[PDB]
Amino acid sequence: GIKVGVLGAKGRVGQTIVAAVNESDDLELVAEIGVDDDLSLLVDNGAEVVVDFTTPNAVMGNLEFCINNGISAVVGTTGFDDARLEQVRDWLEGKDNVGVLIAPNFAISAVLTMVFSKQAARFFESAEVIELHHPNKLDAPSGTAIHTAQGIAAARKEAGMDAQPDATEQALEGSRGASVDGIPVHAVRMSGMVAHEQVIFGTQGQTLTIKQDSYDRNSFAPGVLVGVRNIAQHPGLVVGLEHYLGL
């Protein structure tokens, strides 16, 4: 008895959420809204939480409906700049029984990787990020690797640390990665692979590495279920799955 609706129920990601919800013991799928269905269906079937993987063009309207009918929302749809977040916050004002989670990344293991990398960064002199993807990826490095590096660098700055140890004299071009706020980032492009990351931290005598591996590109359901299960404790707007992790 969490009654759950899914917007974008027939999309690439939405299907996996319908499946996940059907497998669970505690969640009941009361509505599957695709592009042509009225949202009033969520009201009728008494949805309490909704999960949204739709489009940037649809999501603000739908979200406004949900919030205005008292339904909490777990939103994976992208496109949320500051102005849009300010819009969601404005709608939520004075509504203590409604929560919204906007998570630009729902891959629970990518998220824990960023969280743990930030916590570790205080304690090690050296930090590098290696990212590996299928060779059709256009952008290098990946957005996740850029974010991870920026998080480490902000952690290091907050702890007042030095920039890092390195005796390299005239490294060849490219050998030392892309420098992102002082953190080397290396991007590997490899047939057979999907999406992977390694953060390697180093200090006297030892290292710590945090590795993230996706064996396929449609594994958002564990993160989304963390959202659905916990949103009743997070009234108002929360941005980022990390804030639901209880860390």
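All residue numbers refer to positions in the sequence shown, first residue = 1.
So 163 to 171 or 86 to 94, which one's hotter by mean CA B-factor in the entry? Looking at the record's C-alpha B-factors, the answer is 163 to 171.
22 to 30 or 64 to 72, whichever carries the higher mean Cα B-factor: Result of the comparison: 22 to 30.
Taking the values straight from the PDB record, which of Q206, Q212, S40, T209 has the highest C-alpha temperature factor? Of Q206, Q212, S40, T209, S40 has the highest C-alpha B-factor.
According to the deposited entry, which of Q150, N136, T77, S126 has the largest Cα B-factor? In this record, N136 carries the highest C-alpha B-factor of the candidates.
By the recorded C-alpha temperature factor, relative to the other modelled residues in its chain, which third is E131 in? Lowest third - that is where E131 ends up once the chain's C-alpha B-factors are sorted.
Within this chain, which third does the Cα B-factor at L241 fall in: lowest, middle or highest? Bottom third by C-alpha B-factor.
Going by what the PDB entry lists, where does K157 fall on CA B-factor within its chain: lowest, middle or highest third? Its C-alpha B-factor belongs to the highest third of this chain's values.
Considering only modelled residues of the same chain, in which third does the CA B-factor of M190 rank: lowest, middle or highest? Middle third - that is where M190 ends up once the chain's C-alpha B-factors are sorted.
Which third of the chain holds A58 when residues are ordered by C-alpha B factor: lowest, middle or highest? For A58, whose C-alpha B-factor we compare with every modelled residue in the chain, the answer is the middle third.
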